[PDB]
Amino acid sequence: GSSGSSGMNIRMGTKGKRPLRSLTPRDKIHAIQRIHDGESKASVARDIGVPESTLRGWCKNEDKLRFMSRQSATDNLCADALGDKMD
């Protein structure tokens, strides 16, 4: 066996031979199109492995997202959040 999920929270230089937990804003767009093309919200959602709920979030702000890829400042805003309720 082998384990080691210690993790480290340090602010190293803006360069490293490793990926980043966070993802790019363009990634979301990739699928965003599918839905419009023809695919179904659910079909796409599961495609990557996300709850139809979240998915919608992007599609909603898709407008900006489309131009987001061009430039991005930082991820400091909640995409979606609780709202309506079905008794």
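Residues numbered from 1 in each chain as written, not as in the entry; some residues may be left out. Heavy atoms only, no water.

A. Quick peek at the overall build of the chain. A count of helices and strands for the chain gives three helices and zero strands. Reading the secondary structure of the chain in the N-to-C direction produces α-α-α. In terms of overall size, the chain is more extended than a compact globule, its C-alpha atoms giving a radius of gyration of 17 Å where 87 residues would be expected to give roughly 12 Å. Dimensions of the chain, computed from C-alpha atoms along their principal axes, come out at roughly 40 × 35 × 25 Å. Taking all 87 residues of the chain together, the buried fraction comes to 16%. The contacts of the chain with a sequence gap of at least 6 include a subset with a gap of at least 24, amounting to 45%. (Helix = DSSP H or I, 4+ residues; strand = E, 2+ residues; numbered from the N terminus. Rg over C-alpha atoms; globule rule 2.2 N^0.38 Å. Buried < 20%, exposed > 50% of the residue type's maximum accessible area, 1.4 Å probe, protein only. Contact = heavy atoms within 4.5 Å.)

B. Highlighting the UniProt feature "domain: HTH psq-type" in the chain. Here, the residues flagged by UniProt with the feature "domain: HTH psq-type" are residues 14-65. For residues 14-65, helix accounts for 67% and strand for 0%, while the C-alpha atoms at its two ends are 24 Å apart. (UniProt positions renumbered as here; feature names shortened; annotations may be inferred.)

C. Fine view of the state of the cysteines. Counting across every chain of the model gives zero disulfides. Just so you know, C59 is unpaired, no disulfide at all, and the nearest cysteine sulfur is the one on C78, 17 Å from it. (Disulfide = S-S within 2.5 Å.)

D. Quick peek at the packing of helix 2 (residues 41-48) against helix 3 (residues 52-68). Following both chains from N to C, one finds helix 2 and helix 3 inclined at 105 degrees, their axes separated by 9 Å at the closest point. Overall, the two elements helix 2 and helix 3 adopt an arrangement that is roughly perpendicular. Contact residues: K41, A42, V44, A45 and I48 in helix 2; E52, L55, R56, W58 and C59 in helix 3. Looking at the contact of helix 2 with helix 3 residue by residue, the classes come out as seven nonpolar, no polar and three charged. (Axes fitted to C-alpha atoms, helices over the stretch in contact; angles between N-to-C directions. Parallel < 35°, antiparallel > 145°, perpendicular 65-115°, else oblique. Nonpolar A, V, L, I, M, F, W, Y, C, P; charged D, E, K, R; others polar.)

E. Structural detail: the nonpolar core. Residues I29, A31, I32, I35, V44, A45, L55, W58 and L65 constitute the largest nonpolar core, which totals nine residues. Of all the secondary-structure elements, those providing two or more residues to this core are helix 1 (25-37), helix 2 and helix 3. What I32 contacts, discounting residues up to four positions off in sequence, is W58, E62 and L65. (Core = buried A, V, L, I, M, F, W, Y, C linked by side-chain atoms within 4.5 Å.)

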